[PDB]
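Per chain, numbering begins at 1; letters A, B, ... match sequence-line order. Excluded from the calculations below are hydrogen atoms, water molecules and symmetry mates; all remaining heavy atoms, backbone and side chain alike, are included.
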Amino acid sequence: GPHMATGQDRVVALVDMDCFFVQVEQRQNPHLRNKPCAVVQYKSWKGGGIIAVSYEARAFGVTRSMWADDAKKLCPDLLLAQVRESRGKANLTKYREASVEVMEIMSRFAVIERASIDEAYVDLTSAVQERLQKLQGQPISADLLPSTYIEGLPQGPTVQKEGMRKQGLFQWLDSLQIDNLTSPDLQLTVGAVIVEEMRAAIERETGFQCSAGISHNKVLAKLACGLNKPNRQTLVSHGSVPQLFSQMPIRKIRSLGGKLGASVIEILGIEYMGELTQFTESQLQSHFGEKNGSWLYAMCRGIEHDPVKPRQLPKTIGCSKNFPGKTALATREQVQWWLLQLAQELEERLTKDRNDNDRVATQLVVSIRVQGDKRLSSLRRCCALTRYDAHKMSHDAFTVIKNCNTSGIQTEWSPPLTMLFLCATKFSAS
DNA sequence: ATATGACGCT
DNA sequence: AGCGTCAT
Ligand SMILES: Nc1ccn([C@H]2C[C@H](O)[C@@H](COP(=O)(O)NP(=O)(O)OP(=O)(O)O)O2)c(=O)n1
Ligand SMILES: [Mg+2]
Ligand SMILES: [Mg+2]
């Protein structure tokens, strides 16, 4: 009734860079612009593994994780850029630096939560309120929203995409109740205006295009973002949720893409997000737990409370490399030399981090994977990180894992290791 | 034989 | 502390 909270208290956006690693390489190398192209790492095995794909190459069926040799069969004109390789491993510094370019521009507009190397959530609630007094009941021109889609519109009584976009926007803006400064729909619209400006600034100042979702929480914003990629933004209002969720496969909602989402489908015998509404909160808690049940009950009604955390810096700094198949490390010397390669890159990045961001890591986490174990980590151990010194860090890492070696011979390492992973954590101000 | 990062559970 | 889930 009147006491039902509707999850319309915030304006939250999720910005995601379109094929981000490709854009970085394309800005640097104009010959790659506006062409089917992909970013590859390690040219030797099958041409290297593809980790980013331009939208031109996506039209041929090229995808992430594909071998480049196989992508060329689908797309013979595919152009490739290689990831930097340092100390025998992929080095992502160029993309980290490009990411900082984007995050700093976004930070001028509102509070940012860095969600990945190329995505950030944005809490626009405060900026919207401020803009609502500076605007003074002025109606919002469609010209302030030139790349915005209104999910669910047009409805009711044009055969080209831009024509549909405009008609839905016009239908949205004509219905808009501008005098009520507390209309959630008006707030979202103002949020979208600000995101148009933020996205124009990113493009003007870096050359990078991105997509965005604008809604009332993080889950809807993230979902909204992908509805109209690339170089577009989508507003998902509270009212759009029943129709949108009615055919929305459960696995598309953030955090339901894995085992939990699969057991929702199997235990309840449903396919789409909106079908969750027919169960009571207690029923959902009995099947999935107190916290998963509460979360699902509200989320299938468009409601979610996870805050945009004010954090632009990662909380851990990590270095890892896999050694698949025949390349698995099988002698003590190999294990030690690779720990040293990881420790050396880690020291470089930590020292950079200590000068840029006034903090030091205090704990080193060492993670390995053993041959035949299909888990991400076979084993995790920690030690103190007191000195940004690569030889000390690699030696201590070796110390805390060496007893895992079941080999009778000193030369050897068994079982062979298919991953080494060094992660600096537990930062303190400095 | 596809490098990372955030976080929950116990 | 150490392992498990989910994600880009
Ligand atoms: N599994 C993954 C996913 C992404 N990435 C990297 C490469 C991507 O350019 C970058 C951004 O990830 P992403 O947003 O999921 N995809 P990308 O930005 O390339 O394309 P879009 O679909 O977002 O337009 O992280 C990775 O290295 N391994
Ligand atoms: Mg992206
Ligand atoms: Mg992303």
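For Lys315(A) and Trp67(A), each mapped to the nucleotide of DNA chain B holding its nearest heavy atom, the one lying further toward the 5' end belongs to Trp67(A). The nearest heavy atom of DNA chain B to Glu345(A) and to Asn292(A) marks one nucleotide each, and the one closer to the 5' end goes with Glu345(A).
When only modelled atom types and interatomic distance are considered, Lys94(A) and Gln28(A) share a side-chain donor-acceptor pair under 3.5 Å.
Closest to the side chain of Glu119(A), out of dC3(C), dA3(B), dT8(C), is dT8(C). Side chain of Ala90(A), nearest nucleotide from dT8(C), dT4(B), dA3(B): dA3(B). Which of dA1(B), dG5(B), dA3(B) sits closest to the side chain of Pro324(A) comes down to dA1(B).
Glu162(A) and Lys166(A) are joined by a salt bridge, as a carboxylate oxygen and a charged side-chain nitrogen come within less than 4.0 angstrom of each other. Ionic pairing of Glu97(A) and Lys352(A) is not present here: no N-O contact between side-chain nitrogen and carboxylate oxygen is shorter than 4.0 angstrom.
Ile50(A) comes within contact range of at least one nucleobase, with a heavy-atom separation under 4.0 Å. Within 4.0 Å of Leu256(A), counting heavy atoms only, lie sugar-phosphate atoms of the nucleic acid but no base atom. Within the 4.0 angstrom heavy-atom criterion, only backbone atoms of the sugar-phosphate kind lie near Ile317(A); the bases stay farther away. At the heavy-atom level, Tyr42(A) lies under 4.0 Å from the strands shown only through sugar-phosphate atoms. Using a 4.0 Å heavy-atom distance criterion, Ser65(A) is classed as a base contact. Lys89(A) comes within 4.0 angstrom of sugar-phosphate atoms only, judged by non-hydrogen atoms across all strands, and of no base. The residue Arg375(A) sits close only to the backbone: its heavy atoms come under 4.0 Å of sugar-phosphate atoms, none of a base. Among the heavy atoms of the strands lying under 4.0 Å from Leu92(A) are primed sugar atoms or P, OP1, OP2 only; no base atom is included. Using a 4.0 Å heavy-atom criterion, one finds that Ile51(A) contacts the bases of the nucleic acid, with or without backbone contacts as well. Backbone-only contact: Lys321(A) has heavy atoms under 4.0 Å from sugar-phosphate atoms and none from a base. Among the heavy atoms of the strands, none lies under 4.0 Å from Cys423(A). Heavy atoms of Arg349(A) sit under 4.0 angstrom from primed sugar atoms or phosphate atoms, though from no base atom. Using a 4.0 Å heavy-atom cutoff across all strands shown, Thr316(A) reaches sugar-phosphate atoms only and no base atom.
Taking a 6.0 Å sphere around NZ of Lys392(A), one finds it holds 12 or fewer heavy atoms contributed by other residues, nucleotides or ligands. Summarising the local packing, CD of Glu197(A) is surrounded by more than 12 heavy atoms from other residues, nucleotides or ligands at distances under 6.0 Å. With a 6.0 Å radius and a threshold of 12 heavy atoms from other residues, nucleotides or ligands, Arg204(A) has its CZ atom at or below the threshold. Around CD of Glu281(A), the count of heavy atoms belonging to other residues, nucleotides or ligands within 6.0 Å exceeds 12.
When all heavy atoms of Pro154(A) and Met164(A) are compared, the closest pair comes out as CD-O, 3.5 Å.
At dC7(B), one or more side-chain N or O atoms of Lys309(A) fall inside 4.0 Å of OP1 or OP2 (strictly under the cut-off). Residue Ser377(A) has no polar side-chain atom (N or O) positioned under 4.0 Å from OP1 or OP2 of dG2(C). Listed pair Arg381(A) / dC3(C) meets the phosphate criterion, a side-chain N or O lying under 4.0 Å from OP1 or OP2. Side-chain nitrogen and oxygen atoms of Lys259(A) include at least one within less than 4.0 Å of the OP1 or OP2 phosphate oxygen of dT5(C). Between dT2(B) and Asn322(A), no contact under 4.0 Å exists linking OP1 or OP2 to a side-chain N or O. OP1 or OP2 of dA7(C) has not a single side-chain nitrogen or oxygen of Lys222(A) nearer than 4.0 Å.
Between the CD atom of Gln312(A) and the P atom of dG5(B) there is a distance of 15 Å, rounded to whole Å. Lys218(A) places its NZ atom 12 Å from the P atom of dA6(B), with the value rounded to the nearest Å. Regarding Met103(A), its CE atom lies at a distance of 14 Å from the P atom of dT8(C), rounded to whole Å. Between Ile368(A) atom CD1 and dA3(B) atom P the separation is 16 Å, expressed in whole Å. Atoms CZ (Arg87(A)) and P (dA3(B)) sit 15 Å apart, rounded to a whole Å. Counting to the nearest Å, the P atom of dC7(B) and the CZ atom of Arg114(A) are 12 Å from each other. Taking atom CD on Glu113(A) and atom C1' on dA6(B), their separation rounds to 9 Å, with Å as the unit. Straight-line distance from the CG atom of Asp118(A) to the P atom of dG5(B): 14 Å, rounded to whole Å.
A donor-acceptor contact under 3.5 angstrom links the side-chain atoms of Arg380(A) to the base of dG4(C).
The P atoms of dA1(B) and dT8(C) are separated by 24 Å, rounded to the nearest whole Å.
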